[PDB]
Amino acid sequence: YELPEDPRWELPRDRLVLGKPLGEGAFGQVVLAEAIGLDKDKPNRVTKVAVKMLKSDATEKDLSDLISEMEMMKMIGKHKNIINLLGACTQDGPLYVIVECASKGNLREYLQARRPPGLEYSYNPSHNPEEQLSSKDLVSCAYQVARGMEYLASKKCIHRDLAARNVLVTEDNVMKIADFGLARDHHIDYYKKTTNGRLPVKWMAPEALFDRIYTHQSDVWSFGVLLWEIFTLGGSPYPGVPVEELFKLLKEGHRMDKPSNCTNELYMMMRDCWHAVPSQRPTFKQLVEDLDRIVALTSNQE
């Protein structure tokens, strides 16, 4: 019913101006807001933020889940390439958990919107994107996510749904991993789709999917799907493949084709992330180093 206070994280309710809803998830409700004086050394500055709170179908467990998500984010600490906790309103009112706002949306969308222009044969011939990404920009998205994941892994955090939908992009084009404070924990609805109508099982390592074993190595497999999403500019993995057929593909050792405009080296990295044997996949630390080297050598002229 009523909560302890942590003074270092506490923001007075009068310092938070709630704004338009962003929507309900399984988790809770989120709203855009403006927070005044988040920093001690800057008490007149307004920061745009996102705020999580319970929905009025107020569940019970959901309160302990929202608390747990906040508390985990406190324990993980701050990193440039994750969505960071900025504050909370815990006293004399509903729990509000306040986090960084990433203004350019999720990565899947950010890549889709920057696809090259529509042609005579396209689904969308008048698609004329505002911005375009070079080969270096794409490698650089990959590097930034890997660096975020390396950080999380060093804090003993296993994500368990790494995908472009769960990477967010700031106004400065920084990649931030989202929804890393959660738990699942059971196998949910292997058939439940995402808002965009996709099946999360398509990002899951076979040992997680078949033996419920989730490790840093299973997140590396998901990262390889993410790489494939980046280099297809927000492509959808296994389009038209239902769950039962996906299981069969994995049991046969099937692997996705190399996307066009992907080097053999980046395809090898993908495939190595998709090693059948988890011990043989690269780690996030190695993916960070490799991607750092590749970025430096990748052309920004196309």
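Residue positions are given as counts along the sequence shown, with the first one as 1.
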{"property": "Unresolved deposited residues in the interval that joins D185 and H186", "result": "1 to 3"}
{"property": "Between the two ranges 119-127 and 203-211, the one averaging a larger CA B factor in the entry", "result": "119-127"}
{"property": "52-60 versus 234-242 - greater average Cα B-factor per the deposited record", "result": "52-60"}
{"property": "Out of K192, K80, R108, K104, residue topping the C-alpha B-factor column of the entry", "result": "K192"}
{"property": "Identity of residue with top Cα B-factor, from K136, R198, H216, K176", "result": "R198"}
{"property": "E265 - which third its CA temperature factor falls in, relative to the rest of the chain", "result": "middle"}
{"property": "Within-chain third of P259 by Cα B-factor, per the entry", "result": "middle"}
{"property": "Entry-reported Cα temperature factor of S154, expressed as the chain third it lands in", "result": "middle"}
{"property": "Chain-relative CA temperature factor third for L95", "result": "highest"}
{"property": "Within-chain third of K42 by Cα B-factor, per the entry", "result": "highest"}
